[PDB]
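Read on for two forms of one protein chain; each stands alone as structure tokens, with the labels structure 1 and structure 2.
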Structure 1
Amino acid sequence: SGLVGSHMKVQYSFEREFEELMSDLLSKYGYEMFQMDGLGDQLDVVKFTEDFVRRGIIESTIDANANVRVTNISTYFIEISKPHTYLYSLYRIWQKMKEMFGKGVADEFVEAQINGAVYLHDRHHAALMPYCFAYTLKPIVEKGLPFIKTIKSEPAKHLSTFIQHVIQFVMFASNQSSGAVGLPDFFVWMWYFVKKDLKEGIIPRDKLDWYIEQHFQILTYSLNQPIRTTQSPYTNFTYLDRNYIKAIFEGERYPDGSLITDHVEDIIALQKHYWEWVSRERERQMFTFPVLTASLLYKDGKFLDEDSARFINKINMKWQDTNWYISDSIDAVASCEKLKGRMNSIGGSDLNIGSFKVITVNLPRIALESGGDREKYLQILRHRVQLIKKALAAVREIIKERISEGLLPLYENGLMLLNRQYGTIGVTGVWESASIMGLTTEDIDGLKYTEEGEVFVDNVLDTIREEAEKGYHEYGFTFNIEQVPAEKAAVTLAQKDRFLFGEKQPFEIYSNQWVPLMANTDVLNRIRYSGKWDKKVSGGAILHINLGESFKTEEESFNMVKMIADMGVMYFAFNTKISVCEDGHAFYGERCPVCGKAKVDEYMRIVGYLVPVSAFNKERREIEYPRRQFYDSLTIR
């Protein structure tokens, strides 16, 4: 095995049954199928490398923002092995599924993954490490960095060291997981060190706000200055309102013995300070992270912390850079077994909640297979979701093996908690699925579901809920549902379906909101749909409404926020188009009010967080129109 007159090959040690499965699938679907799935010539290390190193001049040729987007060698070492660790992960999942459920089930999953009936997320990591978690910093504050075992670090005594530890933890956790590193209680723990150092005279009183903002700066820029690749780890902050702070931290104490809930007003004030500082800082330099969410308790037409709500509403007026999380209860988070707690891939996941893996069901595929028959549709859907549950159970078993092998110290040190992680049934292409079924229309209010289309979506989501609920008793852990961001999946699934079904599949990309971001429809329709269906996925969705112009008054904005909250929307944001100049100043319009230079790019929420449009398009190009194999003077031989 490994490297094996002339005609050098590389041989991986697969069970013969798996080789036979893969050979049979290639004959059935064709080389193009495997190529589309990333299991074609992507495993050619020589071709991969020669293509990679040649991309620069191509990007310079076609992209005005190439100079900002330019890839360096650190990306090479991350990308080169992804097709190989995906192939390994697919194989290992097949082995585990065969072990648990028999070869029939294992074979069916591999076929569904390759042909696009399902979408295994973070597939290059899937048999190696878990997806995501929203952490509490309590163990960092109390234990230091115990997951780093080659040196013993003392817990922070001061603000500077606390900030260092948080940055290091973020960087560490981002290499132990595929997804977001959430820090919803950051300001709870930062406040402790601000006060401690103030009391001790470490922070001069007359330099208090300066010291605070210096550390805001150090942490925030660190989370937007990537060491490897051209992208920072995905991080989340949450503005916890007074209800959430009181509920989550009831009875909990700081290292000095004081009750955390005795400090609520100070924690709120520090959060407000950050939100204000961040809004100011964007004009100095635009950045993405941490993704901002505010978590508000809202009930019977009222915010229970109206002071915080009006604050968030006010600060958002500038950039609309904060996502609104609305909940009608703090029961799930009270001083944090069937798992309860919001899980959302964009932001707003509750403290100590995560997902070890998402596998998404291709809903348009099922529409294509059903031929318009809604009963047939639901039968296929239920079977697919049952298959996905088995795959998730297998991945969880593999994760447990990795834990036992000492490979995932975030679990050993109690930062990531497996019994606080869902297995996620993802959905995408809800709209396109209904469209193919003949269940969408256009009337005076724009694009919408037909009356039967709405029932159909109800039935789809309710069917998945039922299977998710059954999964708990079946597999001993909790399943959630998410309408996933699908930055790549929305493209690749559409492409696979077009390969298989031709012109029956008319869409270039599948949607990640109940109505497509770029559908011409009345905003009331969007809100109504999110009000109907957000609750069905327990807040695993986002609604974001593009605004042509910022709100004129805080009052107008706030009335809209309350109306959306009244309708039952659980996570939403307003979208503005933010201009940047070549110097990175954020503003609106074509000319920078700071340096007078022209706009060269835009920041926008496309899947739920603010990114440069040039970054979106470059990534989109890389998967949407894959290059044919070409040769030059060297690579022709």
Structure 2
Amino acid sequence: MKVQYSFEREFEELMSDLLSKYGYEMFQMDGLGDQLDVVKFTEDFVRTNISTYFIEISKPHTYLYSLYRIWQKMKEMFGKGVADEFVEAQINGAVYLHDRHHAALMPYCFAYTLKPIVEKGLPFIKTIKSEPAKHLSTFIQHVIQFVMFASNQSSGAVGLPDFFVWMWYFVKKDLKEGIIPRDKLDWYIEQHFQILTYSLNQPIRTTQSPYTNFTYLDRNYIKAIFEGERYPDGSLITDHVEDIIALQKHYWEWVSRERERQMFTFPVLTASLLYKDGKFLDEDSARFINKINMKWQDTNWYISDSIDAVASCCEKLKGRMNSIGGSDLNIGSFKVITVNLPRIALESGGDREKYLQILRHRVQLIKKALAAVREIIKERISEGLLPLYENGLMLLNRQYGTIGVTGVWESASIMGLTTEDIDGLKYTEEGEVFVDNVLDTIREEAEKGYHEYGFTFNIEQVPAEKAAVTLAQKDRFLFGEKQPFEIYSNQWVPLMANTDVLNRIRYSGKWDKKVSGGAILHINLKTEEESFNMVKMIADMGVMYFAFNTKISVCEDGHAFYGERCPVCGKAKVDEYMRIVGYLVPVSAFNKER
């Protein structure tokens, strides 16, 4: 049976024109082939439970609408030619539209402050309304309901950096009023840690749990952010730095302790530390994080050289944006659109000058697309469909349009700008300059964007959990043996590359700053003092976001351990946890997705 989609002839012609050129396998690769056939899709899915079915079924169709809607908007704003060009690039694999099934419907991610939740409660829930919390139990509960609300109003992370700032207030209150058995205060704190953590690891996005971030704010950051800001009882938040610190430390100690019982992913843990002139200003917090990380290495290191971007937080945008974790308070991105660099290399045929003209062009096309998507978001807001915006929780003016990049290594390899020696794989000198030029080119267009389109752009070397595959596929499909790589890399140097770590650190030191920390370095791995030194060295080199990776075994009951046998129940290892794309995940789910 045939089903009609009321597309403009111009679109249907375009789609037709592309289908004839690229063929069906390309549309199949883009998820617009057999996946649009409900009967085929369903009996295919028949091979996670049924609640997943209803989320997965509509994605090809909502993608196809969003593609169409963005095409329409881009044509309105920049003419048919530009609109057609984006669609072709999206389908052929020149660019990767992220969360494309959502792209013309809701935004991507934002790091929230819980302040307005503490102060207004939950008025934006329409099925029922909640007053502001008066107890630790309710406060925790409000966060849970908020993450449920927010994680289905957006595609990406829900960041909760200042969570522990507000939690302490309700610890003090319930302690004041004698709700806690003081003979068991640590159990009480750790119970609310447990209840929150386990809830955030429930399939609240149906197909999976929400993506959430916690931040250990160091003493310097707590001071800068909440300078002058008061608690609901009128007291000053800054007066309780040490109180807020110990609560944070408590959680990190507890989670390290909890993993043996049950291994979990979320929240993603980052420690934000200020570091100047070869030293941590909050050295106490620094040595603490380094110590807790010794067990699982489950906290990412965020390093910054100033706190100016976060002063008195609570038109050009400043503040670190990172998809994995570490994003500053009240910073996000409404959408990412990535540039396939290996594609540009294959197109350039070696001509670095043509590459940089092709690159500069595609970045500008992306900027136009981001500007179109942003217009759609604003439509959806006015249409009453995005209450996160209307209740002042998600802030559009505080969301970047993000220009993504991936496959940096593979691109330079295709250009023939990599090599190997006693220290392993590396870039040639021309290669490093080429990277400087690529990143400099994109930086130029990002800055021009602000004056061009009225909002701030940023740049990120994205995790590319899926794009790293479907792009190498589309390029393989369109260039064959010329594209030898099975997947593209999400770091300056590939994770599984035989190379001295000192080179990895240097490249990150060179280029992390160019993307404003919009990247991550993590190395697969023996003393505490030895470990802490390594951290300082990496920080000296200028690396802005990094972590160390361990192989965490698990059994079918969820016990965390190292080895082949569980030291809890004796059940053998069955799966592994590892930081593959920035956060700790089961390898089995990762490989099966790929």
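Each residue is numbered by where it sits in the sequence of structure 1, with counting from 1. Throughout, rigid core stands for the largest set of C-alpha atoms superposing within 1.5 Å between the two forms.
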Core aligned, which of 441, 379, 229, 161 has the Cα that shifts 2 angstroms or more between the two structures? 229
Did residue 518 shift 2 Å or more between the two structures, C-alpha, core superposed: no
Quick one: core overlaid, is residue 152 moving 2 Å or more at the Cα between the two structures? yes
Any CA movement of 2 Å or more for residue 402 between the two structures, core superposed? no
On a rigid core superposition, how far has the CA of residue 584 moved between the two structures, in Å, if you could check? 1.3
Once both forms are fitted on the core, what is the Cα shift for residue 206 between the two structures in Å? 2.4
